[PDB]
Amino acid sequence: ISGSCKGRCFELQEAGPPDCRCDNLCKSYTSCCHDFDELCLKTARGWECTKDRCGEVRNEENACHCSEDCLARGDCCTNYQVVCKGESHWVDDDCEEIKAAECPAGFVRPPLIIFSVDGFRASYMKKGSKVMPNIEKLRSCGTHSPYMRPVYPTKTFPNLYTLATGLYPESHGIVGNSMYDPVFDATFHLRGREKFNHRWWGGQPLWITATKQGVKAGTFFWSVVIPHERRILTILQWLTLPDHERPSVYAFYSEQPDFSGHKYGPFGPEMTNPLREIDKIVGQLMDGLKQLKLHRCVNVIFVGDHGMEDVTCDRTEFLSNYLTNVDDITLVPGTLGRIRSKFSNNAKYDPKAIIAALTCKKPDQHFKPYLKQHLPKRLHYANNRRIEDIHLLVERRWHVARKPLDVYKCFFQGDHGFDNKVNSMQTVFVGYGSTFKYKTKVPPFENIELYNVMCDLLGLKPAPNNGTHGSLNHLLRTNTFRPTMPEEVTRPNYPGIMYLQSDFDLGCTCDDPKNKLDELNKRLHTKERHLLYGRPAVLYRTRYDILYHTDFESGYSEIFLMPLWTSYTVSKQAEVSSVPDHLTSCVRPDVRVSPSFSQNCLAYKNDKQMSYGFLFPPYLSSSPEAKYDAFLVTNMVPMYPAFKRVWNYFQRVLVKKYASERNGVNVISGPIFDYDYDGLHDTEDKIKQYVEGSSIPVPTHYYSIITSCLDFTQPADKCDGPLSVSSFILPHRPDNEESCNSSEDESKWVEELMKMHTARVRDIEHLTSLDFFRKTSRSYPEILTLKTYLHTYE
C-alpha cells in the first residue's frame, strides 16, 4: 500500500516518491508516511514487561507486548521470558562454550549482528562489570583484544566506513567528517543532505557485498529519532521473518559514549551513566536473542570507531599567530588541520611560505606542518584529491584554528581525530558467538582487518581491501579462509666472480698486520646466520642478484642499481668498530655485477646536493678484512647529507642498542620509491629524481625490519618459537626540518624521529613488492599477524 504505512513498518523494500518510505531511514530523507510515527514508533508502557502485563490482552498501540501470542509474532519485550516464564537474564547465565552453532530450524547460517558504539575509549573497559555487566560478559566469554587501532583521522565517518569496507580513508574517499572535492566543487559535511549523495563513497561496503552475492543485508542505518530500544526490537523481529526473507547480517549504531564524552571529557565522573545505558541495550539484545533461542547461534561484534581525549578551548593554536595573512587560506580546523587556498585565481598564495611560517617557529608548538606526501607512511593519508597538500598533525589534547574570532560556544571537554597511534584514540573490539573463540584474548589489531573477518562469517568473498586476509584467523573457532603465500615472480641470479677489476671505470678509489691477528684468533680456539627467515620474494618482473658476504647478504637489483634488501644479524655481544680515515672515502667495485649495472662514484661527486650511505654499515664488520665488503659499490645507496645524520646514528648506535636489548637482532634494510605517494612500489617511470647525470634513482624512503625472538632468553638466530618485530619507514628528506631539535646532537632527536615513522612489515611490503618471513616454522596465519604488528611505543 502507498500513502499509508500499515503492514510496512521497517520494511526491507523500496519504491520511492510518491509511495511512502517506511524503512528506518525515511526520517533522514524527510519522506516517511503520515502514520509512521503512530504505527512504527509506538512507545506505550515503555520497553520492559511487568508482572501484571504478563498475559495481557494484546493492545495494538503498545511498544512491545507481553501476551502469550507475542512470541509467535516476535514482538515481545526482551524481558518477557524473565518476568513471566521464569527465565533468567542472559548475563546471569554461566559461560558455556559453543563448540557448534545451535541454531533453530530454517537457519542456513549463523546471523551476524554488528554492535557499533561512537567514541568508545578502550580504557572504558576497565570500569568493570559493576557498570557494564552485559558487555563485560561478552568480553570475557567471547573473543576480545586489549584495544583496537582506528584509522587516521580518528573521526566518526572515516572509521565507520573503514569498518564497512576494510579500506584506508584515502582509498574509499571518506577522508574526514567534512571534506572538499575539487572535481565536484562541493563540500561534504556531517550535518546536511550532501553526505547522502553516492558520489562521495567509494569501495564496496559490507551490505553491498552481501547483497551482490545473494546474502540479504537489511538496513544498517537508523535515523537518530528512532530510540535504541526500538532498533533492537526491529532487529529481533527481522530474525523471526521467513527463511527467504530473513537477512543474515545486522547493524546497530549508537551515538554514545561519544555524545556525553564531548560534554564531560573521557575521565569525567559523568561518563559512568552513558555506559550503563549502553549496557542496558546490549542486555536487551542478548535477552531478546536468548528469548529467540539464538544466543548460542548468532555472532555479535561489539566494536568502536575511535577513542576520546581531553581537550579544552584554552588549548587552541591559532594560525593568525604564525601567518602574516590568514584571509587568503581555508582551514579545516579541530583535532587536525588541512589548509587550501581560499581563492584559486591567486598567485600570491605560496604553499612553500605557509609550511615555512609554521615550521619550528615558536617553542612548545602544539602542531607540526606536513606536505601530505611527507606524513608518516603508516597513516596512509595522501593518495586522494580530497586531501589537501598542507596537513597539520595536531598534538594530543590540543586544537588548531584559523583565528580567535572563529572559535565560539567551552563548547566541549573532549574530542578525537589525532594521530591514530595515540593511546586515547584506541577503541574496543569484542567478538562473541558460535564462530568466535571461547574465553580467548587476541593481540590488538587495526580495524581495516575486520571486513575480511565479517565476510568470512557470512561466507562472502571480500572485495579487494587493505586488510591482510588470514591475519585474524586466530579470532575464529573455525576458519573457511586459508591464506596463500604469494609465489615468487623473479627468480634470483647467484653470480660468481665474472669480471676483473680492470673492467671497471666507475671512478671509485679505495686503498688496500690485522690478518695475522685475525688468524691468531681463529687458529687458537677450542670450539645462513644472516638470512634467518628465508630470502625475500620479489613479486614483480625484474632482474636482481643474490650477493653473499661474510657479514651480510643482499638482493642487488640490476634495474635500480642498488639492493632491494640487505640482511645481517647482530649478536648481543657484537662490537661496534670505527672506520680508518684512509677508508672513509673508499668504494670498491663488485666483480660479480657488470660495470653497466653498477653505480659510479663520479655521479656522486658531480651531484653537490647528494652523498651516499651503505645498507650494511662498515661500523659493524666482524673484521677489517670483511670490512672491505661493506665498501662494495653494490652496497651503497644515495643519501642526502642531512639524512646521513639519521642513518649514521641508526646504524652505528641504535642497532647495537637493539641487539643488546633484545638478545641480538636481524636487520633487513633497503630503499623505497613512492613518488606518487599511493603506498605502492613505483616502477621506473614514476621516479622523478635521480643522481645528477646518472640513472641512479633517489629513494623517497629507507626501511629496516628489526626481528628477534619473542622469548628473549634465546638469541635471534636460535629462536624456537614466536618472533618479535619492529620496523620503520624513514623519509629520505634533504633537510631535518621535521625535527625541531635537529641542531642538537643525534641522541636528542633522531630516535624520536624514528618512533614517529614506525611501520608494519606489511606497509614495507606494499612499498617494495617484496615478501618477508617465508621460511620460519611458524604457521602462515601467525606470520601474517606478525606482519600486521605496529610497534607504537604506547
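So that there is no doubt, residue numbering starts at 1 and follows the sequence shown.
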item: Flanks modelled, residue 580 absent in at least a third of other entries; value: yes
item: Other entries lacking residue 403, at least a third; value: no
item: Deposited residues lacking coordinates between residue 244 and residue 245 (none, 1 to 3, 4 to 9, 10 or more); value: none
item: Unresolved deposited residues lying between neighbours residue 185 and residue 186; value: none
item: Average Cα temperature factor in the PDB entry - higher stretch of 742-750, 66-74; value: 66-74
item: 621-629 versus 702-710 - which carries the larger mean C-alpha B factor in the record; value: 621-629
item: Among 291, 569, 598, 554 - the residue whose C-alpha B-factor is largest in the record; value: 291
item: Residue, from 512, 194, 558, 406, that the PDB entry assigns the highest Cα B-factor; value: 512
item: Residue 759 - which third its CA temperature factor falls in, relative to the rest of the chain; value: lowest
item: Among modelled residues of the same chain, the CA temperature factor third for residue 775; value: middle
item: Entry-reported Cα temperature factor of residue 505, expressed as the chain third it lands in; value: highest
item: Position of residue 146 among the chain's modelled residues by C-alpha B-factor, lowest, middle or highest third; value: lowest
item: Residue 499 CA temperature factor, ranked by third within the chain; value: highest
